[PDB]
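Take a look at this one chain, the form deposited in one PDB entry, written out in structure tokens.
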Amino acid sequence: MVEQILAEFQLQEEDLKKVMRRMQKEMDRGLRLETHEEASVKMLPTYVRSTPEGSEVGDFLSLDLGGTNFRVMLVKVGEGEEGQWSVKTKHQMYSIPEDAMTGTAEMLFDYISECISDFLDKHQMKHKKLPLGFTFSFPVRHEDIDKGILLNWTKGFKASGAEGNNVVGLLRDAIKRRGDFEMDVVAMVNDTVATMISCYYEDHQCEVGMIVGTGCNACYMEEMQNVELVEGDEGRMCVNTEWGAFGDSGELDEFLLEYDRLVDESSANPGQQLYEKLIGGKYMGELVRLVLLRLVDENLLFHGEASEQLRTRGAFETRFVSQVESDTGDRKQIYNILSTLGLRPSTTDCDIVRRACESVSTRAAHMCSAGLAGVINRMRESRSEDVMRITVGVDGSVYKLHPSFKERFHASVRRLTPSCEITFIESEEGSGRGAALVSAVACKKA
């Protein structure tokens, strides 16, 4: 029975409360000196602090590295009503070559600095020496707002000899070893951090950032006294939970399915990022693919016959998941996806594939809701407030564009967060505006 195979994806409320409590426990472990180093949830102080210690105005360069495409953009920051407006003015996107991303650090950052030029020249501006904000969507141990070493690549990145190294250095070398231009690199932030920062003008309650895109992560404003790895008890600092690695010490073992185990084993980073592998768009289409393969090996789908493409890793794209679940019921979208994959599905084949899609994506919404509710309830407790009103800034294609993910996600987080009133804001150019606003504050020292 297909329903019996799909039922393995369900999570009961008690399963979610369990996931939630365990996440809260790992978050606490990551923050404490005695456990931070062994912690699966690393809880990385980011050096982004509360209060407006003045902001510079003008134009800022923003880099965005964290997918196969790299982005360079210009953001103009200025003074006003609530404070500082920000707006992307010029933007250019760049694909990284196959052998550039598998090259070396020094090399990849050369392709990156090269790309900064194709943008600088192509916009009448190689002569400018701009402040630079770098959104870099990989786990970094910060020493400061402008200094921090990459702990490891995630999401299938692999450039050699980049791990263990100050990432801002690597970038300032490619800037020297280019002669071309001069840029001052003032801040490196995680994408979660940028997204939250980008909503803060519109909403001063925005103190969490969450990405549900290719990967899955969040950050939030922690009490400085709770942040044991930075001296000081005063104010708040932003903590990059890196919750993607929740489960890398076995915390999700009772939930993982044969599909999860296979995605993990054939991944670039086996044994790591296990929570993220349940949720992120890098993995969601692959999960459905494996579920489809299981259904077929059992003769419950495509009369037990799978195409060449269907048996290939990566072929069931995450965007297909989202398109399958947008089908209006006439099966046209489903049929056209499958047919392109060299399949000839029946009416019941289409409906099964839809069901497989719903199961994978519902489980990602719910699994993700437990992570966030854990963050929100911790913060409600830390701040000692009765009804906590909080805004979460959110970005990522899974959340923004999968037709039912956001609604299932919001319903499930609200269920797990009594006495919290959560406002969700989808960020508008969160990466670039976010890196720009941090930059503009980091430009009060210099």
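We call the rigid core whatever largest set of C-alpha positions still superposes within 1.5 Å between the two forms. In this text, residue numbers run from 1 along the sequence as written.
Figure legend: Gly285 is marked as modelled in all of the other comparable entries of the protein, none of which omit it, let alone a third. For the cut-off of one third of the other compared entries, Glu81 qualifies: that many or more give it no coordinates while modelling its flanks. In this crystal structure, the stretch out of 264-272 and 365-373 whose C-alpha atoms carry the higher mean B factor is 264-272. Per the PDB record, of the two stretches 125-133 and 217-225, 125-133 carries the greater mean B-factor over its C-alpha atoms.
Across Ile145, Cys357, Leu256, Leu120, the greatest Cα temperature factor reported in the deposited entry is at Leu120.
Reading the B-factor column for the CA atoms of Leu287, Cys206, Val168, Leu338 in the entry, the top value corresponds to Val168.
For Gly396, the recorded CA B-factor ranks within the lowest third of the chain. Only modelled residues enter the ranking. Compared with the other modelled residues of the chain, the Cα B-factor recorded for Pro418 ranks in the middle third.
Ranked within its chain, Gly280 lands in the lowest third, by CA B factor from the PDB record. In the deposited entry, the Cα temperature factor of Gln84 places it in the highest third of its chain's modelled residues. The entry lists a Cα temperature factor for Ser412 that places it in the lowest third of the chain's modelled residues.
Although not depicted, the form deposited in another entry is the subject of the following passage.
Only one of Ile116, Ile352, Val288, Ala370 has its Cα shifted by 2 Å or more between the shown form and the other one after fitting on the core, and that residue is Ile116. For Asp233, a C-alpha deviation below 2 angstroms is recorded between the shown form and the other one after rigid-core alignment.
Once both forms are fitted on their core, a CA shift of 2 Å or more is seen for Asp173 between the shown form and the other one. Remark: with the core as the superposition reference, the CA shift of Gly133 between the shown form and the other one reaches 2 Å or more. Compared with the form shown, the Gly54-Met43 C-alpha separation decreases in the other form, the change being 3 Å or greater.
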